[PDB]
Every structure is written in C-alpha cells, then in structure tokens.
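Structure file data.txt (compact mmCIF, N, CA and C atoms) is printed below.
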# COMPACT_ATOMS: atom_id res chain seq x y z
N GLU A 2119 5.22 -19.75 5.34
CA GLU A 2119 4.93 -19.44 6.75
C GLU A 2119 5.97 -18.49 7.34
N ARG A 2120 7.26 -18.81 7.18
CA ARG A 2120 8.32 -18.00 7.77
C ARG A 2120 8.38 -16.60 7.17
N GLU A 2121 8.54 -16.52 5.85
CA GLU A 2121 8.68 -15.22 5.21
C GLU A 2121 7.38 -14.43 5.21
N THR A 2122 6.23 -15.09 5.30
CA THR A 2122 4.97 -14.38 5.39
C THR A 2122 4.76 -13.80 6.78
N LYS A 2123 5.20 -14.50 7.84
CA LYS A 2123 5.17 -13.90 9.18
C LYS A 2123 6.08 -12.69 9.25
N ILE A 2124 7.24 -12.76 8.59
CA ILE A 2124 8.12 -11.60 8.53
C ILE A 2124 7.48 -10.45 7.75
N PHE A 2125 6.79 -10.75 6.65
CA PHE A 2125 6.20 -9.66 5.87
C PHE A 2125 4.95 -9.10 6.53
N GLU A 2126 4.23 -9.91 7.30
CA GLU A 2126 3.08 -9.40 8.04
C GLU A 2126 3.52 -8.50 9.18
N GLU A 2127 4.61 -8.86 9.87
CA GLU A 2127 5.10 -7.93 10.88
C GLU A 2127 5.87 -6.76 10.26
N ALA A 2128 6.17 -6.81 8.96
CA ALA A 2128 6.83 -5.68 8.32
C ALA A 2128 5.83 -4.62 7.87
N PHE A 2129 4.62 -5.03 7.48
CA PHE A 2129 3.60 -4.08 7.06
C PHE A 2129 2.41 -4.06 8.00
N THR A 2130 2.67 -3.97 9.31
CA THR A 2130 1.60 -3.82 10.29
C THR A 2130 0.87 -2.50 10.10
N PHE A 2131 1.60 -1.39 10.14
CA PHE A 2131 1.11 -0.02 9.93
C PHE A 2131 0.01 0.41 10.91
N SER A 2132 -0.21 -0.33 11.98
CA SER A 2132 -1.30 -0.06 12.91
C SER A 2132 -0.94 -0.71 14.24
N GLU A 2133 -1.93 -0.82 15.12
CA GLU A 2133 -1.74 -1.45 16.42
C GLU A 2133 -2.43 -2.80 16.52
N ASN A 2134 -3.57 -2.97 15.85
CA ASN A 2134 -4.38 -4.17 16.02
C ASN A 2134 -3.73 -5.38 15.37
N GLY A 2135 -3.54 -5.35 14.06
CA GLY A 2135 -2.92 -6.47 13.38
C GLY A 2135 -3.00 -6.30 11.88
N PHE A 2136 -2.70 -7.39 11.17
CA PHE A 2136 -2.68 -7.41 9.72
C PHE A 2136 -4.07 -7.69 9.14
N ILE A 2137 -5.02 -8.07 9.98
CA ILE A 2137 -6.36 -8.44 9.54
C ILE A 2137 -7.39 -7.37 9.88
N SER A 2138 -6.98 -6.32 10.59
CA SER A 2138 -7.91 -5.28 11.04
C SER A 2138 -8.42 -4.46 9.85
N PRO A 2139 -9.62 -3.89 9.95
CA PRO A 2139 -10.14 -3.08 8.84
C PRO A 2139 -9.37 -1.79 8.59
N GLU A 2140 -8.65 -1.27 9.58
CA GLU A 2140 -7.83 -0.09 9.36
C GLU A 2140 -6.58 -0.45 8.56
N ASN A 2141 -5.95 -1.59 8.87
CA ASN A 2141 -4.80 -2.01 8.09
C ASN A 2141 -5.22 -2.47 6.70
N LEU A 2142 -6.39 -3.09 6.60
CA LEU A 2142 -6.90 -3.48 5.30
C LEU A 2142 -7.31 -2.26 4.48
N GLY A 2143 -7.66 -1.17 5.16
CA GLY A 2143 -7.89 0.07 4.45
C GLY A 2143 -6.61 0.72 3.96
N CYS A 2144 -5.55 0.66 4.77
CA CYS A 2144 -4.33 1.36 4.37
C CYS A 2144 -3.52 0.56 3.36
N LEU A 2145 -3.65 -0.77 3.37
CA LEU A 2145 -3.02 -1.60 2.35
C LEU A 2145 -3.68 -1.41 1.00
N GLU A 2146 -4.96 -1.06 1.01
CA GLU A 2146 -5.76 -0.91 -0.20
C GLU A 2146 -5.22 0.21 -1.07
N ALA A 2147 -4.82 1.31 -0.43
CA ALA A 2147 -4.25 2.43 -1.17
C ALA A 2147 -2.88 2.08 -1.74
N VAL A 2148 -2.11 1.24 -1.04
CA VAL A 2148 -0.79 0.87 -1.53
C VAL A 2148 -0.91 -0.09 -2.71
N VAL A 2149 -1.84 -1.04 -2.61
CA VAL A 2149 -2.06 -1.99 -3.68
C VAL A 2149 -2.68 -1.25 -4.85
N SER A 2150 -3.55 -0.29 -4.53
CA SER A 2150 -4.21 0.52 -5.54
C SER A 2150 -3.19 1.47 -6.16
N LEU A 2151 -2.30 1.99 -5.32
CA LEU A 2151 -1.27 2.91 -5.78
C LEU A 2151 -0.35 2.19 -6.75
N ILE A 2152 0.00 0.95 -6.43
CA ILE A 2152 0.87 0.16 -7.28
C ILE A 2152 0.19 -0.08 -8.63
N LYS A 2153 -0.89 -0.86 -8.62
CA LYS A 2153 -1.60 -1.12 -9.87
C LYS A 2153 -1.82 0.13 -10.71
N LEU A 2154 -1.54 1.31 -10.16
CA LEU A 2154 -2.00 2.56 -10.75
C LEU A 2154 -0.88 3.35 -11.41
N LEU A 2155 0.38 2.96 -11.22
CA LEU A 2155 1.50 3.65 -11.84
C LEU A 2155 2.30 2.68 -12.70
N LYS A 2156 3.50 3.13 -13.10
CA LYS A 2156 4.41 2.34 -13.91
C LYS A 2156 4.85 1.10 -13.14
N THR A 2157 4.87 -0.03 -13.85
CA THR A 2157 5.16 -1.33 -13.24
C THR A 2157 6.64 -1.40 -12.90
N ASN A 2158 6.95 -1.20 -11.63
CA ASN A 2158 8.30 -1.29 -11.10
C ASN A 2158 8.54 -2.69 -10.55
N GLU A 2159 9.81 -3.09 -10.48
CA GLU A 2159 10.16 -4.36 -9.86
C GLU A 2159 9.86 -4.37 -8.36
N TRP A 2160 10.19 -3.27 -7.67
CA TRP A 2160 9.90 -3.20 -6.24
C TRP A 2160 8.41 -3.11 -5.98
N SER A 2161 7.70 -2.37 -6.84
CA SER A 2161 6.26 -2.22 -6.71
C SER A 2161 5.55 -3.54 -6.94
N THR A 2162 6.00 -4.33 -7.92
CA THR A 2162 5.34 -5.60 -8.16
C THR A 2162 5.74 -6.64 -7.12
N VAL A 2163 6.92 -6.52 -6.51
CA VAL A 2163 7.26 -7.41 -5.39
C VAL A 2163 6.36 -7.13 -4.19
N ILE A 2164 6.16 -5.84 -3.87
CA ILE A 2164 5.25 -5.47 -2.78
C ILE A 2164 3.82 -5.91 -3.08
N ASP A 2165 3.40 -5.78 -4.34
CA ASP A 2165 2.06 -6.20 -4.75
C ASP A 2165 1.86 -7.70 -4.59
N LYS A 2166 2.81 -8.50 -5.10
CA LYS A 2166 2.68 -9.96 -5.00
C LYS A 2166 2.79 -10.44 -3.56
N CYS A 2167 3.59 -9.76 -2.73
CA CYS A 2167 3.71 -10.20 -1.34
C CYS A 2167 2.46 -9.88 -0.53
N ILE A 2168 1.86 -8.71 -0.75
CA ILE A 2168 0.58 -8.39 -0.10
C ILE A 2168 -0.51 -9.34 -0.59
N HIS A 2169 -0.42 -9.74 -1.86
CA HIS A 2169 -1.38 -10.70 -2.41
C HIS A 2169 -1.23 -12.08 -1.78
N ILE A 2170 0.00 -12.55 -1.59
CA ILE A 2170 0.25 -13.84 -0.92
C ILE A 2170 -0.23 -13.80 0.52
N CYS A 2171 0.04 -12.69 1.22
CA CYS A 2171 -0.39 -12.56 2.61
C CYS A 2171 -1.90 -12.53 2.74
N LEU A 2172 -2.60 -11.87 1.82
CA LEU A 2172 -4.05 -11.91 1.90
C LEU A 2172 -4.64 -13.23 1.42
N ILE A 2173 -3.90 -14.01 0.62
CA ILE A 2173 -4.36 -15.36 0.32
C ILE A 2173 -4.22 -16.25 1.54
N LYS A 2174 -3.13 -16.09 2.31
CA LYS A 2174 -2.86 -16.98 3.43
C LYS A 2174 -3.88 -16.80 4.54
N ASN A 2175 -4.24 -15.55 4.85
CA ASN A 2175 -5.18 -15.29 5.93
C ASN A 2175 -6.63 -15.50 5.51
N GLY A 2176 -6.89 -15.81 4.25
CA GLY A 2176 -8.25 -16.04 3.81
C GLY A 2176 -9.00 -14.81 3.39
N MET A 2177 -8.30 -13.80 2.86
CA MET A 2177 -8.93 -12.57 2.41
C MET A 2177 -8.60 -12.27 0.95
N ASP A 2178 -8.56 -13.30 0.11
CA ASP A 2178 -8.25 -13.11 -1.30
C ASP A 2178 -9.36 -12.37 -2.03
N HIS A 2179 -10.61 -12.65 -1.66
CA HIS A 2179 -11.75 -11.95 -2.25
C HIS A 2179 -11.72 -10.47 -1.88
N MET A 2180 -11.23 -10.16 -0.69
CA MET A 2180 -11.12 -8.76 -0.29
C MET A 2180 -9.96 -8.09 -1.01
N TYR A 2181 -8.94 -8.86 -1.39
CA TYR A 2181 -7.88 -8.32 -2.24
C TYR A 2181 -8.40 -8.01 -3.63
N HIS A 2182 -9.20 -8.91 -4.20
CA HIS A 2182 -9.68 -8.69 -5.56
C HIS A 2182 -10.86 -7.73 -5.58
N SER A 2183 -11.35 -7.33 -4.40
CA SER A 2183 -12.32 -6.25 -4.31
C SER A 2183 -11.65 -4.90 -4.07
N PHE A 2184 -10.34 -4.81 -4.30
CA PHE A 2184 -9.65 -3.54 -4.10
C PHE A 2184 -9.94 -2.55 -5.22
N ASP A 2185 -9.93 -1.28 -4.85
CA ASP A 2185 -9.98 -0.15 -5.76
C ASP A 2185 -9.38 1.02 -4.99
N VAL A 2186 -9.37 2.20 -5.60
CA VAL A 2186 -9.00 3.38 -4.81
C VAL A 2186 -10.12 3.70 -3.83
N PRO A 2187 -9.82 4.18 -2.63
CA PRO A 2187 -10.88 4.46 -1.66
C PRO A 2187 -11.66 5.71 -2.05
N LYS A 2188 -12.74 5.95 -1.30
CA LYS A 2188 -13.56 7.14 -1.53
C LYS A 2188 -12.89 8.41 -1.04
N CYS A 2189 -11.81 8.31 -0.26
CA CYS A 2189 -11.07 9.47 0.21
C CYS A 2189 -9.92 9.83 -0.73
N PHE A 2190 -10.00 9.40 -1.98
CA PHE A 2190 -9.07 9.84 -3.00
C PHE A 2190 -9.74 10.17 -4.32
N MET A 2191 -11.06 10.06 -4.40
CA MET A 2191 -11.84 10.52 -5.54
C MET A 2191 -12.42 11.90 -5.24
N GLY A 2192 -12.74 12.62 -6.31
CA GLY A 2192 -13.50 13.85 -6.20
C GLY A 2192 -14.95 13.60 -6.52
N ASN A 2193 -15.19 12.67 -7.44
CA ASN A 2193 -16.52 12.27 -7.87
C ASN A 2193 -16.52 10.76 -8.03
N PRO A 2194 -17.67 10.09 -7.87
CA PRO A 2194 -17.67 8.63 -8.01
C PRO A 2194 -17.40 8.15 -9.42
N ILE A 2195 -18.14 8.65 -10.40
CA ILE A 2195 -17.97 8.18 -11.77
C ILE A 2195 -16.75 8.83 -12.41
N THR A 2196 -16.57 10.13 -12.18
CA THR A 2196 -15.42 10.86 -12.70
C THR A 2196 -14.20 10.45 -11.89
N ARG A 2197 -13.42 9.53 -12.45
CA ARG A 2197 -12.26 8.97 -11.77
C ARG A 2197 -11.14 10.01 -11.67
N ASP A 2198 -11.03 10.66 -10.52
CA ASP A 2198 -10.03 11.69 -10.28
C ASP A 2198 -9.14 11.26 -9.13
N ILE A 2199 -7.85 11.55 -9.24
CA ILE A 2199 -6.85 11.07 -8.29
C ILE A 2199 -6.27 12.26 -7.55
N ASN A 2200 -6.65 12.41 -6.28
CA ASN A 2200 -6.18 13.51 -5.44
C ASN A 2200 -4.73 13.25 -5.08
N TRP A 2201 -3.83 13.74 -5.94
CA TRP A 2201 -2.42 13.40 -5.83
C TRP A 2201 -1.76 14.04 -4.62
N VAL A 2202 -2.22 15.21 -4.20
CA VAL A 2202 -1.62 15.89 -3.05
C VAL A 2202 -1.93 15.13 -1.77
N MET A 2203 -3.18 14.72 -1.60
CA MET A 2203 -3.58 13.91 -0.45
C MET A 2203 -2.93 12.53 -0.51
N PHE A 2204 -2.70 12.02 -1.72
CA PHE A 2204 -2.07 10.71 -1.86
C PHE A 2204 -0.58 10.79 -1.51
N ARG A 2205 0.06 11.90 -1.87
CA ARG A 2205 1.44 12.16 -1.49
C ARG A 2205 1.56 12.34 0.02
N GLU A 2206 0.55 12.95 0.64
CA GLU A 2206 0.52 13.06 2.09
C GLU A 2206 0.35 11.69 2.74
N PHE A 2207 -0.41 10.80 2.09
CA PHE A 2207 -0.56 9.43 2.57
C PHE A 2207 0.76 8.67 2.52
N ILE A 2208 1.46 8.76 1.40
CA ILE A 2208 2.72 8.03 1.25
C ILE A 2208 3.79 8.63 2.16
N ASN A 2209 3.76 9.95 2.34
CA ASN A 2209 4.77 10.61 3.16
C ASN A 2209 4.55 10.30 4.64
N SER A 2210 3.31 10.04 5.04
CA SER A 2210 2.99 9.71 6.43
C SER A 2210 2.82 8.22 6.65
N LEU A 2211 3.47 7.39 5.84
CA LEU A 2211 3.34 5.95 5.97
C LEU A 2211 4.41 5.42 6.90
N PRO A 2212 4.06 4.85 8.04
CA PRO A 2212 5.08 4.42 9.03
C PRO A 2212 5.80 3.14 8.64
N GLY A 2213 6.74 3.27 7.71
CA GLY A 2213 7.51 2.12 7.28
C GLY A 2213 8.49 1.67 8.34
N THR A 2214 8.54 0.35 8.55
CA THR A 2214 9.28 -0.22 9.66
C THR A 2214 10.77 -0.28 9.33
N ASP A 2215 11.54 -0.82 10.28
CA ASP A 2215 12.99 -0.84 10.22
C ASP A 2215 13.60 -2.22 10.08
N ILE A 2216 12.80 -3.28 10.11
CA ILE A 2216 13.31 -4.64 10.14
C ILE A 2216 13.77 -5.03 8.74
N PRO A 2217 14.96 -5.59 8.59
CA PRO A 2217 15.40 -6.09 7.28
C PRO A 2217 14.60 -7.31 6.88
N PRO A 2218 14.46 -7.58 5.57
CA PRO A 2218 14.95 -6.80 4.43
C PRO A 2218 13.87 -5.92 3.82
N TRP A 2219 12.84 -5.59 4.58
CA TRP A 2219 11.72 -4.84 4.01
C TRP A 2219 11.81 -3.35 4.27
N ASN A 2220 12.74 -2.91 5.13
CA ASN A 2220 12.93 -1.48 5.35
C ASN A 2220 13.54 -0.81 4.13
N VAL A 2221 14.56 -1.44 3.54
CA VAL A 2221 15.23 -0.90 2.36
C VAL A 2221 14.26 -0.88 1.18
N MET A 2222 13.50 -1.96 1.01
CA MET A 2222 12.57 -2.06 -0.11
C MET A 2222 11.39 -1.11 0.06
N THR A 2223 10.89 -0.96 1.29
CA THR A 2223 9.82 -0.02 1.57
C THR A 2223 10.27 1.41 1.32
N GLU A 2224 11.50 1.73 1.74
CA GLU A 2224 12.02 3.08 1.59
C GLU A 2224 12.27 3.42 0.12
N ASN A 2225 12.78 2.45 -0.64
CA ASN A 2225 13.01 2.68 -2.07
C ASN A 2225 11.70 2.76 -2.84
N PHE A 2226 10.70 1.98 -2.42
CA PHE A 2226 9.36 2.08 -2.98
C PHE A 2226 8.78 3.46 -2.77
N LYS A 2227 8.89 3.98 -1.54
CA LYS A 2227 8.36 5.30 -1.22
C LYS A 2227 9.10 6.39 -2.00
N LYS A 2228 10.42 6.25 -2.12
CA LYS A 2228 11.21 7.23 -2.88
C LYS A 2228 10.83 7.25 -4.35
N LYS A 2229 10.64 6.07 -4.96
CA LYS A 2229 10.36 6.08 -6.39
C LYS A 2229 8.91 6.48 -6.66
N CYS A 2230 8.00 6.23 -5.72
CA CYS A 2230 6.63 6.70 -5.90
C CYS A 2230 6.55 8.22 -5.79
N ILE A 2231 7.24 8.80 -4.79
CA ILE A 2231 7.30 10.25 -4.64
C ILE A 2231 8.01 10.88 -5.83
N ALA A 2232 9.06 10.22 -6.32
CA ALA A 2232 9.80 10.75 -7.47
C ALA A 2232 8.98 10.67 -8.75
N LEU A 2233 8.19 9.61 -8.91
CA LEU A 2233 7.41 9.47 -10.13
C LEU A 2233 6.22 10.42 -10.14
N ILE A 2234 5.62 10.67 -8.97
CA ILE A 2234 4.56 11.67 -8.94
C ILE A 2234 5.13 13.09 -9.02
N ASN A 2235 6.38 13.31 -8.62
CA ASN A 2235 7.02 14.59 -8.91
C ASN A 2235 7.31 14.73 -10.40
N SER A 2236 7.66 13.62 -11.06
CA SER A 2236 8.00 13.68 -12.47
C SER A 2236 6.75 13.80 -13.34
N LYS A 2237 5.58 13.42 -12.81
CA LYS A 2237 4.37 13.66 -13.58
C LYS A 2237 4.03 15.15 -13.63
N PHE A 2238 4.08 15.84 -12.50
CA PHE A 2238 3.86 17.28 -12.46
C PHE A 2238 5.08 18.03 -12.99
N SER A 2245 -1.22 8.51 9.36
CA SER A 2245 -1.67 9.09 10.62
C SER A 2245 -3.19 9.20 10.66
N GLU A 2246 -3.71 10.30 10.11
CA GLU A 2246 -5.16 10.50 10.04
C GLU A 2246 -5.80 9.65 8.95
N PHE A 2247 -5.02 9.21 7.96
CA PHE A 2247 -5.53 8.40 6.87
C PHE A 2247 -6.03 7.04 7.36
N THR A 2248 -5.23 6.39 8.21
CA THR A 2248 -5.62 5.09 8.75
C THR A 2248 -6.74 5.23 9.78
N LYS A 2249 -6.81 6.39 10.44
CA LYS A 2249 -7.92 6.65 11.36
C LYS A 2249 -9.21 6.89 10.59
N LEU A 2250 -9.09 7.40 9.36
CA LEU A 2250 -10.26 7.58 8.51
C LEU A 2250 -10.71 6.25 7.93
N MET A 2251 -9.85 5.60 7.15
CA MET A 2251 -10.19 4.33 6.52
C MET A 2251 -9.83 3.14 7.41
Can you dump the structure from the file as structure tokens?
Amino acid sequence: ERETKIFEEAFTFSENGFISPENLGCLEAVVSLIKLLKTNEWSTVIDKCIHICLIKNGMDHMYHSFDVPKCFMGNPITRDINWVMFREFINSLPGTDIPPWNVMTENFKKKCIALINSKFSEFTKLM
C-alpha cells in the first residue's frame, strides 16, 4: 500500500490519474519498450513495479493485453519499430522529481536512449 501509493504518484505522467486511458496508453509503451530491449536491472524493476500497480488496481488483464501501440508500427503484420518517434516519446516523458524514483527514472531514460544510440506531450494526447 505505502510503496505502491508512492510509485503511482511517481508515474502519473498525466492530470487525471493512474487509471485513466491516457496514462494506461503511455505506460503501455514503457512496458512494451522494456520487454523489447536488453533485460536491465532498472528496466525490470520498473516493469515489475508497473505490474504490481496494475495488479492492485484490478487491471492485470489490461497489463497482459499489452503490446506496442498502433502509433509505433508501420504495418500491422510487418512488425516495424519507429525508433525515431519512440525516441521522441522517451525524450518527452515527464519524469517526476520525488525520491527514489527520479534517479531510477532518469537512469532508465539514459540507458534506453544510450542503447538505441548504440543500435544505430502529443503522444499521451494521441493514445
């Protein structure tokens, strides 16, 4: 209860709340982004914590119905990952300042941007 209330107010990313369809849309890309790259310790901590939070609020089925959204594919069957738009999503992610999730959120964002470099706002209003 205590640490989940802290983590829900740490990943609000919107105005309505942690249960709104816009926040559930923007968490989907992060959970999808995680499952989609190299298994990091910070990435799997963020994944398990979002999973615990969606179990608590009664949205576990909506967690297990996650995939990449339609605003990151080029074709439905041809699984293509629009990395430039995804980098714009991660770069425009309003990560909060409250400890201890600000440091972890910032390091998560840095290693995701760094790993997509090593391979080579409007988003939440859309989804």
Long-range neighbours of region 2219-2230 of chain A as a PDB file with N, CA and C atoms, in the coordinates of the input, 6.5 Å cut-off, all atoms listed in the file, 5 positions minimum in chain:
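Written file, selection.pdb:
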ATOM      1  N   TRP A2160      10.190  -3.270  -7.670  1.00  0.00           N
ATOM      2  CA  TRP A2160       9.900  -3.200  -6.240  1.00  0.00           C
ATOM      3  C   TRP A2160       8.410  -3.110  -5.980  1.00  0.00           C
ATOM      4  N   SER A2161       7.700  -2.370  -6.840  1.00  0.00           N
ATOM      5  CA  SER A2161       6.260  -2.220  -6.710  1.00  0.00           C
ATOM      6  C   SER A2161       5.550  -3.540  -6.940  1.00  0.00           C
ATOM      7  N   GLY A2213       6.740   3.270   7.710  1.00  0.00           N
ATOM      8  CA  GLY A2213       7.510   2.120   7.280  1.00  0.00           C
ATOM      9  C   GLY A2213       8.490   1.670   8.340  1.00  0.00           C
ATOM     10  N   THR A2214       8.540   0.350   8.550  1.00  0.00           N
ATOM     11  CA  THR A2214       9.280  -0.220   9.660  1.00  0.00           C
ATOM     12  C   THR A2214      10.770  -0.280   9.330  1.00  0.00           C
ATOM     13  N   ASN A2235       6.380  13.310  -8.620  1.00  0.00           N
ATOM     14  CA  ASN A2235       7.020  14.590  -8.910  1.00  0.00           C
ATOM     15  C   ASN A2235       7.310  14.730 -10.400  1.00  0.00           C
TER      16      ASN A2235
END
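Using only N, CA and C atoms for every distance, the candidate list A:2130, A:2167, A:2120, A:2175 yields A:2130 as the residue closest to residue 2212 (chain A).
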- CA of residue 2128 (chain A) to atom N of residue 2216 (chain A): how many Å, to one decimal? 6.7 Å
Produce the centre coordinates and the three edge lengths, each in Å to one decimal, of the box along x, y and z that contains all listed atoms of region 2163-2168 of chain A with 3 Å added on each side, as AutoDock Vina command-line options.
--center_x 3.4 --center_y -8.0 --center_z -3.3 --size_x 13.8 --size_y 11.0 --size_z 12.4
- Message: With DSSP run on the backbone, what are the alpha helix (DSSP H) residues within region 2132-2251 of chain A? I'd like them as an MDAnalysis selection string.
- Response: chainID A and resid 2139:2152 2159:2174 2178:2182 2201:2209 2219:2237 2246:2250
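Among A:2191, A:2251, A:2199, A:2186, the residue with the shortest atom-to-atom distance to residue 2151 (chain A), counting all atoms listed in the file, is A:2186.
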- Provide the atom C of residue 2134 (chain A) to atom N of residue 2211 (chain A) distance in Å, to one decimal place. 17.5 Å
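What separates CA of residue 2190 (chain A) from atom N of residue 2202 (chain A) is a distance of 8.8 Å.
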